[PDB]
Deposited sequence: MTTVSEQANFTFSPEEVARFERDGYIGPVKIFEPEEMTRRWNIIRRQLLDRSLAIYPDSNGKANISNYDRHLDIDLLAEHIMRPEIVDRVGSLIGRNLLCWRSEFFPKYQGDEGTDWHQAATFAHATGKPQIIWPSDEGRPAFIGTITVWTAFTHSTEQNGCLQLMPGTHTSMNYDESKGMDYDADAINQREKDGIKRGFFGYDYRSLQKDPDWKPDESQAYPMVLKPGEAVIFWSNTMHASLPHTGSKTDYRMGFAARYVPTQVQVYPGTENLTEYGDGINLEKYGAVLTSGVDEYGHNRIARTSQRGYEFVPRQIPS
């Protein structure tokens, strides 16, 4: 079993800043899992972040650190072998978050997101640098429900300032892109019972510093509390040790690095 990208695939990712759809799970399997996960999300008894109104809580950040199925999701070979083909075999999953969309939600115009924390503007991800430090993170956006044009799917732009495709996904399919890739989104114009649920997991090679400058902090903002936070070594080895790391989830799920 190997899901590394071909030189071709890797090439078009380099060209577009994204690649998708890529199958992670069969639609029925994804749905089966999401049926469990959806209910488990409700129990926060072991969630690493406390009750708050910050987006870390409201958008359920890093539940892969306490929900078994999410813990397994970020470890999946279908995800890891692919991301590894892009930024290396020594991979860290430093975050996961949910992206729901409901009837009436508006779309967004063309833009690119930054990895700075909203509450403080502090950079969350810092790459090694000679002066400006790169701050991007490969994001794996998995459709837990279908992502359609009708329910507000994302929009990606081919090629890379200058030199409108809808990324529709079936449950279990994912789109992989740099967190700062140019994108937009359509408004949700479907029925009120048709919600879209995307689960995003973000990865950075081991040499990247996650949550820099927080050595003596816990309360970080936006509901994020680093006390029980740790990045997960998804594959390879960590020759750095400069990041908070979680070898095990709050429920005892052991994260055994995959040797692509």
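I have the full deposited sequence and the modelled structure. Can you tell me which residue ranges, counted from 1, have no C-alpha coordinates?
Missing from the model are residues 1-7, 138-139, 170-173, 177-220, 318-319.
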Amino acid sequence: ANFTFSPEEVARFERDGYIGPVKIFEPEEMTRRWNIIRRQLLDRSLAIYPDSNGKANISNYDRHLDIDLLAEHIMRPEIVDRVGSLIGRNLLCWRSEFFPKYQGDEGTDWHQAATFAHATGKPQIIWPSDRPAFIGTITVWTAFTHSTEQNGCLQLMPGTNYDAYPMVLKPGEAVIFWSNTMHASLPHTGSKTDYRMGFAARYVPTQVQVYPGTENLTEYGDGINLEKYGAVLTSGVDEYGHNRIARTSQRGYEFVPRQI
From here on, numbers count along this sequence of modelled residues.
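Between 202-210 and 215-223, name whichever shows the higher mean Cα B factor according to the PDB entry.
Between 202-210 and 215-223, it is 215-223.
Of the options 131, 188, 73, 146, which has the highest CA B factor as deposited?
Highest C-alpha B-factor among the listed residues goes to 131.
With respect to C-alpha B-factor, does residue 235 fall in the lowest, middle or highest third of the chain as deposited?
Middle third - that is where residue 235 ends up once the chain's C-alpha B-factors are sorted.
Lowest, middle or highest third of the chain for the C-alpha temperature factor of residue 98?
Answer is lowest: the recorded C-alpha B-factor places it there.
Considering every modelled residue of the chain and its Cα B-factor in the PDB entry, is residue 151 in the lowest, middle or highest third?
Answer is lowest: the recorded C-alpha B-factor places it there.
Report the third (lowest, middle or highest) to which the CA temperature factor of residue 89 belongs, ranking only the modelled residues of the same chain.
It falls in the top third of the chain.
Per the entry's values, where does residue 35 land by CA temperature factor relative to the rest of its chain, in the lowest, middle or highest third?
Middle third by C-alpha B-factor.
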